[PDB]
Amino acid sequence: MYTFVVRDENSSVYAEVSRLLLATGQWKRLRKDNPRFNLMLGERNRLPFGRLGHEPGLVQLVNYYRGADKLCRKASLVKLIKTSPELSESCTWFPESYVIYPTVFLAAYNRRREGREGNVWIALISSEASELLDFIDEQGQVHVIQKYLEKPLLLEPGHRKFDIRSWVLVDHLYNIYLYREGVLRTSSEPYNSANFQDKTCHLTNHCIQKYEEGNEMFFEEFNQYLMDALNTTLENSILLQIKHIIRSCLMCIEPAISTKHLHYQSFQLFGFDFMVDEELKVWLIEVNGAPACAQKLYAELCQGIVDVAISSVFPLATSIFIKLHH
Amino acid sequence: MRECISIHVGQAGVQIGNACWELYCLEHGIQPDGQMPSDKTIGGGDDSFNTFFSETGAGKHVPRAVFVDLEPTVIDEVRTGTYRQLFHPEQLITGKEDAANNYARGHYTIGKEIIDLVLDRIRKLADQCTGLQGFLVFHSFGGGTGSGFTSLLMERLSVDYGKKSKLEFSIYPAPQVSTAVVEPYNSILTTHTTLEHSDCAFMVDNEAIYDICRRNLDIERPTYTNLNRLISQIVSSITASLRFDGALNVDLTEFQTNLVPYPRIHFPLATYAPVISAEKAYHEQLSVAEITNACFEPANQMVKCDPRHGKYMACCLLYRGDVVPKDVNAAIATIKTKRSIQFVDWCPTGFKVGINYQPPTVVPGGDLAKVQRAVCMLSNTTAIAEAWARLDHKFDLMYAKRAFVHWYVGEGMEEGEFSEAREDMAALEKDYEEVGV
Amino acid sequence: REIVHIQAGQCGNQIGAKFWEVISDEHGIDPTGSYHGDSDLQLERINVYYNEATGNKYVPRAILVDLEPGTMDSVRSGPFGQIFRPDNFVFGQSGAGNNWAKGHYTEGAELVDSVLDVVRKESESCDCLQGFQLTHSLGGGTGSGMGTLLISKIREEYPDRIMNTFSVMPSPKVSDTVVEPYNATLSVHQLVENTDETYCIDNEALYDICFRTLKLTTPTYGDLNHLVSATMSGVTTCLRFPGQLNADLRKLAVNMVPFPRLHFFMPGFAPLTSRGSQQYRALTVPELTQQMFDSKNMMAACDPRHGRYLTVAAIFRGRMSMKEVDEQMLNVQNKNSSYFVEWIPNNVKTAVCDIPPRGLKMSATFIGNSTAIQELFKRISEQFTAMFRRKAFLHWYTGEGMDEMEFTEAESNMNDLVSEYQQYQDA
Amino acid sequence: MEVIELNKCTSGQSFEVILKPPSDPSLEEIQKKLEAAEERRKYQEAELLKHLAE
Ligand SMILES: Nc1nc2c(ncn2[C@@H]2O[C@H](COP(=O)(O)OP(=O)(O)OP(=O)(O)O)[C@@H](O)[C@H]2O)c(=O)[nH]1
Ligand SMILES: Nc1ncnc2c1ncn2[C@@H]1O[C@H](COP(=O)(O)OP(=O)(O)CP(=O)(O)O)[C@@H](O)[C@H]1O
Ligand SMILES: Cc1ccc(-c2[nH]nc3c2[C@@H](c2ccccc2)N(c2ccc(O)cc2)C3=O)cc1
Ligand SMILES: Nc1nc2c(ncn2[C@@H]2O[C@H](COP(=O)(O)OP(=O)(O)O)[C@@H](O)[C@H]2O)c(=O)[nH]1
Ligand SMILES: [Ca+2]
Ligand SMILES: [Mg+2]
Ligand SMILES: [Mg+2]
């Protein structure tokens, strides 16, 4: 009978994982402050990685990778992509970005005055540099500014923007498992590049949207649309590139966060956020380190966390993931 | 030449000191009676082994050591053990009644009755020193004597030898071989009262030594004897530069200069490789590159923690054996790329290297196999603060209910010394955290 | 590190005598005091309990006290009765009539100074006296009333030595008189103030163990005292033999007692054996661990699942794997960790000693500081107030000069002790 | 990767490799504290003896 503690009550994904564990009859949940746990479903901030793996007689496992924030912070992801030789200054899949503080960005925006090319960026969106730079100083904290993708792929009927959330699970062995169910999070508003301050058709976040149910189109429909409208498949036109981006990011930070020879072990669920332009090119927007899941897919994905990340380490009495081979 | 005096305090300190002096004698060719056929300067010398051994007109080489325990059991084994010849009876100081795992009993009640005698014996060795460098103090954090008497001794040594360096070798408490439920209390109390009196302290977590013995020596349930022979190897790597010809870490002052830029943050992580079982018949001998790479594996550290998530302020490599500079720089070259090694901005990214050609000496019949090359890495990384966090958490758990506090108050300590010592620890963790982010 | 042993009244001298029989056999000392053993672990710590006499004989550091001569002539006739130093039989003639007031204030006070004279002559031959252990019951008059008088006076003369007791609690299942709850409540009031460590030996549990587990339909004090001497041997193993620990009474108090008044220990033993009949399959380390934590192996009739463990000591005896003992001990904690208070980290400590007790290859002794012990004091408190609310049987005590007030104080101290245990079981 | 301060001798050699440049209380106070602690023990103990005398 394995043991686990819960330290993030606000977690929909692990609210499910703990209910699944208890219902196998072979897991018992302890009080959050009891140190004799096998598994820590930990808190998001200041998780005590330094108190793990010092329990004699306890294999210990936690659902976060120490150091993985360097991927899941707008400003940290920029610094990691610009300074790691594995991810050249030119990734070809990351949008141009700079970390401006509020108390070399201008060198590039001026370049766009040469050809009067697109010059929309984001934090929030604007067209002149001053409009935005005054906004990062009005907020007070570090913002990151980034080239807005002025020609996104638009779903018809609707002429609508969208982003793709992929859920990636990385187990204690550093296997990279990409959940096969993605979600498109679409804008019900027809896209138009004239009024940015009306950011209902630009910001494609589910909340910001307070054709398809829940402004969410799963991979079944989207692959069918690509076949009918563009004569290609989701795998060929977009998913190859997504698997390449996931593998590249996670292979980059692997020496810094791997728990292979460590006295405790980590896995973590990531949500990768992508953006497909009109030439069927895939771009990486952000990496979310504590992602939520779509309602239809909570059952399948939380069960698969148990199978792959937890029961893999603590066994009990065809698959939903693609292994990204590195 | 400049002499060093070793002081061993309590059970852990005395037993580790015995392991070390046994090892020193094998490494310098001094037999259990203290005769050293190699010393042709009879009854004298300013050789660098005279840093640790004085000589009699009869040519006996006597450790510059004082052993002190508040009870007689342990030092009595020295007094009748195989190296009973080595020490002068005046060097072995014993009480009748020990500290009972109670910091305040060792520091206040019992400590107050023996501190003048011990400092009088310490003064007798200092008077045989032409230019004394300072002290190496061995002790547990956990014992009542180790924690409480050592912190009283460290205060007085500052008073009496204001100009002398003091180094610590400190055994950090592990539940797998622990003696007392209150060791977190004693650990914090002795750290708080000792911090400003110690220039450099090497913490050995018994948990880490224990797991190296199980993994790499294949010992099912390590004994103190297994732990101490491995610990004494590490101590020997660290002190070899004081006892041998060389140009790195030649006096105690150089340890501070090389490993401690900020004075409170004086706890370097030690990492040792290779640890090879002596029953392992076929052992492929490890290369310079392999043993150096192993210096960045947490499984080989004296304290388990993750240096990838801290920053370095300094780093020394200490090799014993068939090692030449070129292999070390080649090994360092390819490890710089493959590893997360972040130094603080106000420190150069670099390594001080020391090579001693005599390969490691191993106790005959012990557990460590002889090897052709070994390395001890000393790195001042903020990740060692993980150990402070663990201890302080355990202290907070007990002290919030004031569990066991009456044992300390009943020895004349005030409850407030607890929260004072804890607040100092709180500032210590905050210092590490500023430097390391 | 000499211990001075005192045994007082009928129960105290009966379990006292069994203790010295059992450990004497373990240290290889015969009934005439001569050592006839094989190992040297037997003699390394022999001085904790034995003084050495000319002729190289070993004489228990034991003072035998009673207000009646009856039981003590029984000891002197018993098998090992000749090993005791005869000057150390200190006894009166009146008895105490199962009356705490007689033992503590009238009869006992007449005799206590000559007991303290023997205690003093024993202490003055000690290199480093740890302190004292007293065997006694709380239900009669001598061990109860005079036993706690001795403790109060020993603490006045030796305020900085450890005071340790084995205290047999009364039970209606093995009951001599109706006034046992009065004597026990008055005694617990003294124990709470003046001892560092008391092993609560519940005649209720010894009876239930004899009846249910050992299948003895009519337990006697002989059947009970077999269980008591096996426990007493087990809990003192660390004092009498060498370990990785250099174990003594103060280190035990430091690690077992987080708050001064909560020093009442639940002892347990495994395997539970009836006297005479031996069984030939040694237990396995998994079995020892499970039984010694089983409520059925506890010598205080308290359910450990109704409280929490503040601290635990476990002492394994015999040839066994220390790896497997560490594994099984870590297994029982991590599996039932809710019954261990989380605010005392690592509150379970385990020792192994090579020499098993007589007639077993494997045994395990358990010492628990559990908040469940409040069940024992509640029980005695309910029996006390049932009579006391009608002042029943008080005249036996007011006739010796006692006031009702002193009963109200003792009851109220014992109820505070109960509330203090409930404080930390919820913490 | 810069190597510096190479010192050689018959026992071994030492040196330094740069991969990148940068970017007390008195005896009498002790004596008070200890003697204060011993007085607090004596107070506590005299209180016990006063109580036992009662
Ligand atoms: N590595 C190692 N650690 C030891 C050794 N002996 C004791 N320890 C550690 O020291 C801690 C307790 O401190 P001790 O040094 O044994 O106690 P002490 O110094 O004699 O002080 P007292 O309380 O008076 O006995 C234990 O938790 C052990 O882990 C040893 O020989 N080697
Ligand atoms: N370079 C770019 N070009 C075009 N559109 C972009 C863009 N960068 C972001 N967007 C769009 O605008 C939105 C801005 O929201 P942002 O990316 O800051 O939210 P988020 O992804 O942090 C929310 P959550 O954490 O809930 O996923 C993105 O979600 C995406 O739809
Ligand atoms: C949670 C806990 C419990 C005890 C200790 C500790 N520390 N030192 C000593 C103890 C006990 C003891 C307990 C079990 C195993 C070995 C020692 N003990 C002892 C003394 C006399 C005895 O008759 C029996 C036991 C010591 O001497 C530390 C933590
Ligand atoms: N376990 C056990 N309990 C006893 C024994 N003798 C007496 N008792 C208990 O002690 C109580 C009587 O007190 P007792 O010690 O005999 O009176 P005393 O002579 O004044 O000390 C009774 O409640 C019994 O249960 C014995 O041999 N073994
Ligand atoms: Ca010389
Ligand atoms: Mg000791
Ligand atoms: Mg009777």
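Indexing begins at 1, ligand by ligand and atom by atom, following the structure's order. Numbered from 1 within each chain, the chains take letters A, B, ... in sequence-line order.
The contact set between ligand 4 and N98(C), taken as ligand atoms under 4.0 Å from a residue heavy atom, comprises 17 (O). For ligand 4, the atoms closer than 4.0 angstrom to any heavy atom of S137(C) are 10 (O), 11 (C), 13 (O), 14 (P), 15 (O). Less than 4.0 angstrom separates some heavy atom of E180(C) from each of these atoms of ligand 4: 22 (C), 23 (O). In summary, the atoms of ligand 4 found under 4.0 Å from a heavy atom of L224(C), numbered by their order in the structure, are 1 (N). Interface of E286(A) with ligand 2, defined as ligand atoms under 4.0 Å from a residue heavy atom, comprises 20 (P), 21 (O), 22 (O), 23 (C), 24 (P), 25 (O), 27 (O). In summary, the atoms of ligand 2 found under 4.0 Å from a heavy atom of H202(A), numbered by their order in the structure, are 11 (C), 12 (O), 31 (O). Close approach to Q14(C) involves these atoms of ligand 4, each under 4.0 Å from a residue heavy atom: 6 (N), 27 (O). Listed by number with element, the atoms of ligand 4 under 4.0 Å from a non-hydrogen atom of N225(C) are 1 (N), 2 (C), 26 (C), 27 (O), 28 (N). Contact atoms of ligand 4 toward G141(C): 17 (O), 18 (P), 20 (O) (distance under 4.0 Å to a heavy atom of the residue). Each of the following atoms of ligand 2 lies closer than 4.0 Å to a heavy atom of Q146(A): 1 (N), 8 (N).
Ring geometry for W100(C) versus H104(C): interplanar angle under 30°, hence parallel rather than tilted (30 to 60°). The aromatic rings of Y182(C) and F384(C) stand perpendicular to each other, their planes meeting at an angle above 60°, with 30° marking the opposite boundary.
Between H139(B) and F149(B), the ring center distance fails the sub-6.0 Å criterion. Aromatic ring centres of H202(A) and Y148(A): separated by under 6.0 Å. Taking the six-membered ring for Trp, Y191(A) and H159(A) have ring centres at least 6.0 Å apart.
Applying ring-ring contact (aromatic ring centres under 6.0 Å, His included) to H143(A) and the options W121(A), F135(A), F105(A), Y98(A) leaves one that passes, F135(A).
The shell of residues lying under 4.0 angstrom from ligand 2, judged by heavy atoms, includes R185(A). For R165(A), the heavy-atom gap to ligand 2 drops under 4.0 angstrom. Using a non-hydrogen distance threshold of 4.0 Å, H206(A) does not register as a contact of ligand 2.
Residue contacts with ligand 4: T142(C) is placed with a nitrogen or oxygen under 3.5 Å of a nitrogen or oxygen of the ligand (distance criterion only). At least one N or O atom of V174(C), backbone or side chain, sits closer than 3.5 Å to an N or O atom of ligand 4. Between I285(A) and ligand 2, no pair of N/O atoms sits closer than 3.5 Å.
If you check the side chains of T106(C) and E400(C), you find a donor sitting under 3.5 Å from an acceptor.
Looking at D163(A) and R185(A), a side-chain N of the basic residue comes within less than 4.0 Å of a carboxylate O on the acidic one, giving a salt bridge. Classification of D98(B) and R105(B) as a salt-bridged pair fails, no side-chain N sitting under 4.0 Å from a carboxylate O. A salt bridge is absent between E279(A) and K151(A): the closest approach of a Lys/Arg side-chain nitrogen to an acidic carboxylate oxygen does not fall below 4.0 angstrom. Ionic pairing of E97(B) and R1(C) is present here: one or more N-O contacts between side-chain nitrogen and carboxylate oxygen are shorter than 4.0 angstrom.
Between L206(C), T71(C), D176(C), it is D176(C) that holds the heavy atom closest to atom 12 (C) of ligand 4. When the heavy-atom distances from atom 30 (C) of ligand 2 to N205(A), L284(A), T204(A) are ranked, the shortest goes to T204(A). Among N203(C), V168(C), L67(C), the residue whose heavy atom lies closest to atom 25 (O) of ligand 4 is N203(C). Nearest-residue assignment for atom 27 (O) of ligand 2 (options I145(A), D277(A), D273(A), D163(A); heavy-atom criterion): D273(A). For atom 5 (N) of ligand 2, the nearest non-hydrogen atom from the set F94(A), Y148(A), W283(A) comes from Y148(A).
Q10(C) N, 2.9 Å is the protein heavy atom nearest to atom 19 (O) of ligand 4. The protein heavy-atom contact nearest to atom 5 (C) of ligand 4 is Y221(C) CD2, 3.3 Å. Of the protein's non-hydrogen atoms, the one nearest atom 8 (N) of ligand 4 is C11(C) CB, 3.5 Å. Atom 17 (O) of ligand 4 has as its closest protein heavy atom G140(C) CA, 3.3 Å.
Of all the heavy atoms of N288(A), the ones lying under 4.0 Å from any atom of ligand 2 belong exclusively to the side chain.
Qualifying salt bridge (charged side-chain N to carboxylate O under 4.0 Å, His left out) partners for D76(B), counting only residues two or more places apart in sequence or in other chains: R79(B). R165(A) pairs by the salt bridge (charged side-chain N to carboxylate O under 4.0 Å, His left out) definition with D273(A), not counting sequence neighbours.
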(message) If you apply the rule side chain to side chain donor-acceptor pair (under 3.5 Å), what do you find for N246(C) with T73(B), and how did you get there?
(response) CA-CA 8 Å; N246(C) 202 14; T73(B) 280; 3.3 Å; yes
(message) side chain to side chain donor-acceptor pair (under 3.5 Å) for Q7(C) and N13(C)? Distances and angles first, verdict last.
(response) CA-CA 5 Å; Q7(C) 52 186 63; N13(C) 274 276; 2.9 Å; yes
